[PDB]
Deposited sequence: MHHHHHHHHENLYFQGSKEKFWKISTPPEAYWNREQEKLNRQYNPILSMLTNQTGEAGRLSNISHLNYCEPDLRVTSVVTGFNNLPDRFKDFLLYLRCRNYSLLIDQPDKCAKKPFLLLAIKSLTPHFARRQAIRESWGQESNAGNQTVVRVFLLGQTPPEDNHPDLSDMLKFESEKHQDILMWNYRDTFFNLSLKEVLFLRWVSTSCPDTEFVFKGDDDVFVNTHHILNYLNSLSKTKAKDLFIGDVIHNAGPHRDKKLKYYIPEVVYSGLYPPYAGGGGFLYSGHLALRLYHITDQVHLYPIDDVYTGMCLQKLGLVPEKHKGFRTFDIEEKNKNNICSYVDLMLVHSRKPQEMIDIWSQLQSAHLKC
């Protein structure tokens, strides 16, 4: 078409689809041709200019790995998107719904990029090494951890699954400011037939959405960048899928250009597999009703709630342990 991403994506489609008859994965120099191709490139916000220049570079390497995380074969892998300074959020997740267990082994990793000093981030590196050496649940890549780079966090994670955790039955991928009912999730996982557990992918799916064009909102996308409607995509606050689908998802990522909104990007990859994400009412990416926020019995049949502060996650998980004695 005329939107840049839509244009470069069709070029990918013809590369991978014979019926339609520089690298797009390993080119890590600034693609300067975008400056004369995208209308009004110099008047775009810096995140767009960085996203367009390095759209074709995704070969980033792990700086902090936990290679023996899935030694014991996990039933559920919890992968949590996080930023370096979120020490309290990560620690509260460890102490509540993200703790490792066996009961069906559950493993936990936090996904991080770099918060480099050249972006005026405070040097928290030696506190992150301290945190890593003590909890051994930090995965960190050497890319600039930013909002528009989150679909990069998705691809680099799916790569780590295929190379360091391909056996895991299921994967939960979510944010570090949500409460997840890990107990209710595992009971849902064992109330599933092998037929459905094959290509399982559930979340707060959004249908027939389009790019926000409000120049001042977070998910704003210019019309020179993307045109049309998003595919169905689960809310990035947290979705649940099987390891089998994770491997299929990773191998299809090369056929989809990175997109600045990472949960939309996952939907584009699901669409390319011929799959539709499955809505589930337990995923409350928009919280619940304030009158029900007091009641611990309101959290028993939920899958996740967004959003929650660290001490809120701990308070709910604490109360949730005695919920079967009073609900």
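Non-modelled portions of the deposited polymer sequence, in sequence order: Gaps in the modelled chain, taken against the deposited sequence, lie at 1-27, 49-62, 145-146.
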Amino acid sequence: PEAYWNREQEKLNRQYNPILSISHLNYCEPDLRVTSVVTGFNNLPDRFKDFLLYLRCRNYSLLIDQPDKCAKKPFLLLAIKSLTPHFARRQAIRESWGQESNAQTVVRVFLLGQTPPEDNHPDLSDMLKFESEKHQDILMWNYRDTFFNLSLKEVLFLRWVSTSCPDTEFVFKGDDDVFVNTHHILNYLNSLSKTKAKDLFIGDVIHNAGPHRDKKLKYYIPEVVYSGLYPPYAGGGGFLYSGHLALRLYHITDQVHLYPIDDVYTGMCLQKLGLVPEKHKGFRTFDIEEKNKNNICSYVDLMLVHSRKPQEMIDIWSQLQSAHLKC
From here on, numbers count along this sequence of modelled residues.
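The term rigid core refers to the most C-alpha atoms you can superpose between the two forms while keeping them within 1.5 Å.
Find the stretch among 235-243 and 170-178 with the larger RMS C-alpha deviation in 8 other deposited structures of this protein, all structures being superposed on the shown form by the rigid core. It is 235-243 whose C-alphas lie farther from the shown form in 8 other deposited structures of this protein.
In at least a third of the other compared PDB entries, does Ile19 have no coordinates? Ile19: unmodelled in at least a third of the other compared entries.
Between 83-91 and 68-76, which has the higher average C-alpha B-factor in the PDB entry? Per the PDB entry, the higher value belongs to 68-76.
Taking the recorded C-alpha temperature factors, which stretch has the higher mean, 136-144 or 151-159? Going by the record's values, the stretch with the higher mean is 136-144.
If you compare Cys57, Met268, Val37, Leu275, which has the highest Cα B-factor in the entry? Spelled out: the listed residue with the top C-alpha B-factor is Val37.
Among the choices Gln319, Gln311, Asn13, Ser23, identify the one whose CA B-factor in the record is greatest. Going by the entry's C-alpha B-factors, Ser23 comes out highest.
Lowest, middle or highest third: where is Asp214 by C-alpha B factor in its chain? Highest third, going by the recorded CA B-factors of the chain.
Classify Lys173 as lowest, middle or highest third according to the C-alpha B-factor given in the PDB entry, relative to its own chain. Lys173: CA B-factor falls in the middle third of its chain.
Chain-relative CA temperature factor third for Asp50: Lowest third, going by the recorded CA B-factors of the chain.
Going by the entry, which third of its chain does the Cα temperature factor of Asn102 land in? Tercile = highest for this residue's CA B-factor.
Would the CA B-factor of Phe41 place it in the lowest, middle or highest third of its chain? Tercile = highest for this residue's CA B-factor.
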